[PDB]
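One chain follows as structure tokens, the form deposited in one PDB entry.
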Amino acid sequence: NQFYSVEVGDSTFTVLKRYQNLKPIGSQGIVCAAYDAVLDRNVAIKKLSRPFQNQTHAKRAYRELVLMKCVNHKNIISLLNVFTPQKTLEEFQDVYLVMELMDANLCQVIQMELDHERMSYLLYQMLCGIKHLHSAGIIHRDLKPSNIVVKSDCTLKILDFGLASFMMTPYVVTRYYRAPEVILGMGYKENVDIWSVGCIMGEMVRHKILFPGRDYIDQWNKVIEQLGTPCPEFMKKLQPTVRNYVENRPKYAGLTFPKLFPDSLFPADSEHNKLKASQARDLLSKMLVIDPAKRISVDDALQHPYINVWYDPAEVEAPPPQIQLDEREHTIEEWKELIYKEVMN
């Protein structure tokens, strides 16, 4: 038999025999690190348990399978192998995704102070991964630090492809990085992801979540509290019922960016460091913009002085993926077969 079974906490991992010394590194679902004896390297293994059980799990799993396959960019996680231990459609239950492995979540990097070279390089790569996605027509909308992984040598990759919806999960879905246009459901374009990058970068500097809060109500309060109530221009673009709510909230003038992000948070002992600090804060002030009509584009932000030192036309303008009916609604049974079909290939 090609498979063996091993307990990893309260989950059984049934994986191919090439994969060994599994260690839980996540529970973005159930993930193990493993040594792959065939390729002689370490891999990440994600167990998708009954991905067809509901529409939300099934859409995400199918979208994860399809896109991780036909996307080949250094700043997006690579798929190495896909398998099920079950032998037929009737028996079918679990999918295992085999991805390349890095060293840490972006959560762990946020907890440390970084020099400007590393901070700016990470930010450059996030912008690269996102841009490649946009040119395939993939707008992410859910970039968060737990979806972003890094290696010791400062290399960065994005793990997921974002938003495609009720669920009975014990866990909560994080909202802290979602854009004003998503929170208020007002439509969006490419620069919806720039907001998310601004939240991450600001968290990298402050070492705290910029806009925490239990709900979209609490979350909006936090946004306007720090950045100020947005313009009439912005207001006039809101559905009258959303617009009623936003316009009838307590008003804040908001804080200037020097106030929101003081120099004590940036390395600024030397002159090179002092200049980078002001470049980093400028770019923050252009990403953390509520009105997406005034928020910086992905291309403008790659051309920004803080970022552009890393600019590579091969990394920034890589041939867009080819890629298909991806607003799909299906039953459990239909999803089951689409996924199996894709897994079996």
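We call the rigid core whatever largest set of C-alpha positions still superposes within 1.5 Å between the two forms. Note that residue numbering follows the sequence shown and begins at 1.
- Coordinates for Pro321 are absent from at least a third of the other compared entries of this protein that model residues on both sides of it.
- Of the other entries compared for this protein that flank it with modelled residues, a third or more give no atoms for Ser165.
- Per the record, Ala164 and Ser165 are separated by 4 to 9 deposited residues that are missing from the model.
- Coordinates are absent for 1 to 3 residues of the deposited sequence placed between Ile323 and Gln324.
- Comparing the deposited coordinates for 221-229 and 234-242, the stretch with the larger average C-alpha B-factor is 234-242.
- The question of which stretch, 147-155 or 261-269, has the higher mean Cα B factor is settled in favour of 261-269.
- In the PDB entry, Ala34 places in the lowest third of its chain by CA B-factor.
- In this PDB entry, the Cα temperature factor of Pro212 sits in the top third of its chain's modelled residues, the highest group.
- When the modelled residues of the chain are ordered by C-alpha B-factor, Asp291 sits in the lowest third.
- Sort the chain's modelled residues by C-alpha temperature factor and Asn42 lands in the middle third, per the entry.
- In the PDB entry, a CA B factor belonging to the middle third of its chain's modelled residues is recorded for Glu247.
Although not depicted, the form deposited with a partner chain bound is the subject of the following passage.
- Of the candidates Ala104, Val242, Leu163, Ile217, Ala104 is the one whose heavy atoms come within 4.5 Å of its partner chain in the deposited complex; the others do not.
- Checked against its partner chain in the deposited complex, the residues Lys151, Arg206, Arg249, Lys189 give one hit for a heavy atom within 4.5 Å, which is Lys151.
- Stretch-level contact check against its partner chain in the deposited complex with heavy atoms at 4.5 Å: of 91-99, 225-233, 170-178, 120-128, the positive one is 120-128.
- For the chain shown alone, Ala136 is not a contact residue for its partner chain in the deposited complex, no non-hydrogen atom being within 4.5 angstroms.
- Taking the partner from the other structure, its partner chain in the deposited complex has a heavy atom within 4.5 Å of a heavy atom of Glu315.
- At least one heavy atom of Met112 is located within 4.5 Å of its partner chain in the deposited complex.
- The residue that stands out in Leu156, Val182, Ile110, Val82 is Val82, the single one whose Cα moves by 2 angstroms or more between this form and the one not shown on a rigid core fit.
- Residue displacement note: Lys286 has its CA displaced by under 2 Å between this form and the one not shown (rigid core superposed).
- Once you line up the core between this form and the one not shown, the Cα of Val95 ends up 2 Å or more from where it was.
- After superposition on the rigid core, displacement of the C-alpha of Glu315 between this form and the one not shown stays below 2 Å.
- Legend note: Cα of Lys144 to Cα of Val172 is at least 3 Å closer in the deposited complex than in the depicted form.
- Panel note: the distance between the CA atoms of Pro170 and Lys144 is smaller in the deposited complex than in this form, the difference being 3 Å or more.
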